[PDB]
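We call the chains A, B, C, D, E, F and G, going by the order they appear; numbering starts again at 1 in every chain.
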Amino acid sequence: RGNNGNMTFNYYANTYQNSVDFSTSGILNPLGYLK
Amino acid sequence: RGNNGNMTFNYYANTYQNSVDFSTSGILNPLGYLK
Amino acid sequence: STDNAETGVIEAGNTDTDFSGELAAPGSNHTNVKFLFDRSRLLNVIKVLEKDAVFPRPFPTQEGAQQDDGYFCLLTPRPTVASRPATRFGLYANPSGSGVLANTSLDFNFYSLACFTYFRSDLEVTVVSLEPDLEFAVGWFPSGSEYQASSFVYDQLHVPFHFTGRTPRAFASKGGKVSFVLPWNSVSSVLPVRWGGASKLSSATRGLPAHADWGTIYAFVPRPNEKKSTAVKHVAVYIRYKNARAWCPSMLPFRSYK
Amino acid sequence: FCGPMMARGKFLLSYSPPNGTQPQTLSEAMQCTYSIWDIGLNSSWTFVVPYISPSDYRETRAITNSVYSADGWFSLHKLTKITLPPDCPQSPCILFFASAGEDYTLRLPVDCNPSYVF
Amino acid sequence: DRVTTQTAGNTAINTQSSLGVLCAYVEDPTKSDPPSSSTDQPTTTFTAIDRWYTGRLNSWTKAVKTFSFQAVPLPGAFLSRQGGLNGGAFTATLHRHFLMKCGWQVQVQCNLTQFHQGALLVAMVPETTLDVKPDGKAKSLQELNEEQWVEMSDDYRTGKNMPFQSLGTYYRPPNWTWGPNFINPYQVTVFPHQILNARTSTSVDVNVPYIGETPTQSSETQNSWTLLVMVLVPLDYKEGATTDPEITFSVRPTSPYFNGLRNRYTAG
Amino acid sequence: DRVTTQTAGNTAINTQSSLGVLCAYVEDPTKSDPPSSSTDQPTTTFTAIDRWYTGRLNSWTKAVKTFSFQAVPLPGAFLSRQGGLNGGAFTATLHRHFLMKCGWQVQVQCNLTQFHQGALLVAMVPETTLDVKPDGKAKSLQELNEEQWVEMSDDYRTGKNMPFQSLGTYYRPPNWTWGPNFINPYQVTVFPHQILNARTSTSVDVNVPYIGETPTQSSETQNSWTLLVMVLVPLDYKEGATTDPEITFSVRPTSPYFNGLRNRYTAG
Amino acid sequence: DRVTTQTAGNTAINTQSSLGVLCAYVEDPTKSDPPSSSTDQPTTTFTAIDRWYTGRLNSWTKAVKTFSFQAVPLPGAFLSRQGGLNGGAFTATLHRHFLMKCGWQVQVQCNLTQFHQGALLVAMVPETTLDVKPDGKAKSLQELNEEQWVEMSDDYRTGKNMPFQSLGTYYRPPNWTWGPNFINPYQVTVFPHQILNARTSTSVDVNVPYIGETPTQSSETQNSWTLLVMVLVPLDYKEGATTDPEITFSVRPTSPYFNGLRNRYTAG
């Protein structure tokens, strides 16, 4: 979510309000493992 | 589309927000061909 | 790969044509004509009317002409001189001399990417005062129209006729801004970026189109002619091209190597 | 190639990645990405410069002349000398064109340079 | 398939070095509608104007510098009889109609052979005032014979010399610097074009439709298409070869529409 | 399961005190895609670069203070032959390609035994300029031999000594105080790391993937991973024990991608 | 089908006078197995060595007699940088491996045209010591520049001048008469070859597999294939034609197997 509360209605399209990355072709993960 | 992001709702009718031409009666095209 | 450039057609190749590789994935579309030209840029700087204007005469203008230069702005990407359409762009390199310094304008951003012969769009006009807290208003008249150059009397105050009319008038607040979009109003189908014809059959100038414009705008104070001071005030003009379309691929201006 | 039809020759067209010193030797051009072009019936050769960049995009203008803006060099070497029968004119000429590939893309419009009007 | 003989009406032109026909900017510049802006019945095509017209350009030489060019305005060359381009029934129809709409088929011939080097850029360039002097008057045939080629320089690169209205004594005369009818000489290959290289061919083919700011334009003043023949590589040869090769051109109009039938044009 | 012999190509390294392999920050730093930002075919792995490379660090002593450290830049140690780390075919491939992407497998050996106390922090630390002097030039092997260990002090805690551009005579020279390439020495255990304690083991294992600001980086300049060997507890022993134990390290690259094949690198 | 552009890796070479590719002695010299005599994993091909390498030979002249020749040993030209043939990653891999197995794709270019007569025999000849002087030492690039062409005579026809072990003072010195590395100059067309005739083509193509006395051979010493360019008909032309046409060659290795990875070769 982020620090955002006005969730009901967005005036501008997502690709104008934010960037999106282009196509090429809680419960926490541990940062380290042992073998 | 053009440089436009507020896609959800238009207040004015199309023939007032823009011109339209009157009736008379991506993948890019090549600008030249060879016969 | 082998080709013949004399064909006039050359296939756009890739890395995999001769060598080992693949296509670079697309990631942008900003070269779209409707996206590129849809941004505002400075057209011209005009003086503000405080009285009923006398519209500038057609060329060649002779000595002693009583007229108000510098108040009217053609809505053209094309070059202008003295609020009338021009072929060559002109500028002044030196202050010294005698005579009137004519106003000239260009959209440098347009010709930096036209790159085409014909253009048509709607035109968002935005008017910004260069003087702080100015109360001003914008008058527009379309292509083929003209300025109504007279005044009428109310309570012994001369009220010019350009305060009214059937064409749009937009009153800004004190320190406010004016913004509105204009349709393609010409008798012509499109605007010629470059032109080879002639408008008249006699004494016309080759390459000067008559109606390659979205009309003319002017700035005026919403006060009668009796209220005047000597201090001249200035107004900047911004234009934005809406739903831009282009035809007939052509050249970009020469870049000097000096 | 705009020379006469009777002319025969070979050229080596080489694209070099960025380096501490620009390559000048034909042996150094041979170690880079290169193609040999033969003079013959077809007069033209289309050389596609490969996109080899550390980042996904590259800068159009080399302000600081970094690796993100200057992508090496293209060079032309003669492989063999051009051979002519007698009464041919000396020094033929190679006409150069630049063009965008089918994968070419542009981003982030900026202010123009108005230097052309002055 | 380098041998092509193209037939139109009673005229057939032949080449044995055909590079193909450059069809820009539609798949067929003959496919086209009655012009929607005039309501009188148009004068359409017939078999005595469905034909080719041939004219002569000035000789190409060693002394012709890079990017020097010849300008052939269309239909202005028919109106001016530039290079002997008499148009017969087509010019007779041009002088008697107010409006004219057509495309163009052009072929330029230059008689090269082996032991010669050089390249000619042959383009249909919209839109030009290159046939007009900087004083605003069109070039006469004597002046076109005296050039003998237009030299590229600072003017014609920036548009500084294009025809203009003088401001008069009321205004300061401005320093004219730039104009939109420039030629950027490195960029002329954007237009519908072929290259007449001495190596590969003696003739080139370009096929263009009607274009304009209006769906039809005035017969007397339009210059919507211009045949531009520009040197890319200068001529060189050893002595004993053919000096001064000639340049000819063949012009055919496609799908003509004539409107506003009236008497023969007399200037004011 | 303390006895592990790990095999790669023609090289096999053995330990009898294995603490396991620290896999951060993915479950397998060998699982990885062709780099999406270059369209030429990458030079992928082969069995003569699918192997381990071994180098020597400086001796650990009683006089080495707390948090004194040695910095091994990767792949910079191969380029500089730091500690005798000749890379053979891998370095030959590095000097002939503009781009390089790989992860790293590292193992550091130090020959402790009983009757010795001390602890060594062995971490792969992104991203460091610790191999570079404060004047902006990289350390030579003579200078790395003369240190013999880098002392922690006010500089290297605050980043005050990191390489910089001088402002010049136009500006007042500012008081340099802080920089983002600091070492906070108490916090180095956030990185993928193991501790070479004298009590429990003689060798440690850390396994890291490729990371970067771009999906591939330049072969000559990147320092995206650095093997940091830092003292936590100083060496102490009674006389008669082995003076000056040696520190060796073994480095293996994982899933290398090479792009931009060109001649051998020559500096300007 | 005389226009062929053959692509390998990042390098593409073009010809407009292709006679086809001579595939001897199998239908495809790229179809081949891992070498059965070494059990380590071979270093196989990758896209920065899957490419062409180009070098220069000495100029062909009127004064070059019949059957005079130039010898290009493979891979020896890469090791010696003969004719500017820098091999980059391929030579870097050669110097770091004990064994090498590959075939070869070769193309030789010479810029003839009309008004010239002469013929060049271009053959891949197994197996030669033609790059070696009769004293047993290999030719330097200065000596290869001074020849400028090797003259056929009594030696090189009978094998009398091939490298040999001297018997010493104990034995009578024998009259050396014959050797099996002779060139029979009329019989060089038995080898995989094409003829670079001035009449018909400017370039020739020969494609050969790996051969040897063993299923792999030492990288430093093997000369299993040699590019031989030999004059069949001398150059003749009238004055005013292009003097001294140049001879270039392009070499590509096919299916390389490298064995015995070790440090860079240093001679004793």
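By definition in this document, a contact is a pair of C-beta atoms (placed from the backbone, for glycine too) under 8 Å apart; a residue touches a chain by one contact, two chains touch by 3 or more.
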Comparing each chain's Cα average against the average over all protein Cα atoms, the nearest is chain D
Could you compare the number of C-beta pairs in contact for A-F with that for A-C and name the larger?
A-F
Once you find the CA centre of subunit C and the CA centre of subunit D, what distance in Å lies between them?
41
Between the Cα centroids of subunit C and subunit G the separation in whole angstrom comes to 70
Rounded to the nearest Å, the gap between Cα centres of subunit E and subunit G is 56
Could you list which residues of subunit A touch at least two other chains?
24
Residue ranges of subunit G touching at least 2 other chains are 3, 5, 9-12, 14, 16, 47, 50-51, 86, 88, 240
Where in subunit D do residues touch at least two different other chains?
6, 28, 31-33, 35, 42-43, 45, 50-51, 56, 87-88, 95, 97, 103, 116-118
Among the chains present, which pairs are found to touch?
A-B, A-C, A-F, B-C, B-E, C-D, C-E, C-F, C-G, D-E, D-F, D-G, F-G
What part of subunit A is in contact with subunit B in the complex they form?
10-13, 15-17
Residues of subunit F touching subunit D in the complex:
36-40, 96, 98-99, 214-218, 259-263, 265-268
Subunit A-touching residues of subunit B, taken from the complex the two chains share
5-8
So in the complex, the part of subunit G that touches subunit C is made up of which residues?
3, 5, 7-12, 14, 16, 47, 50
Inside the complex, what are the residues of subunit F that reach subunit G?
9-10, 40-44, 46-48, 50-51, 86, 88-89, 92-93, 96-97, 258, 261-264
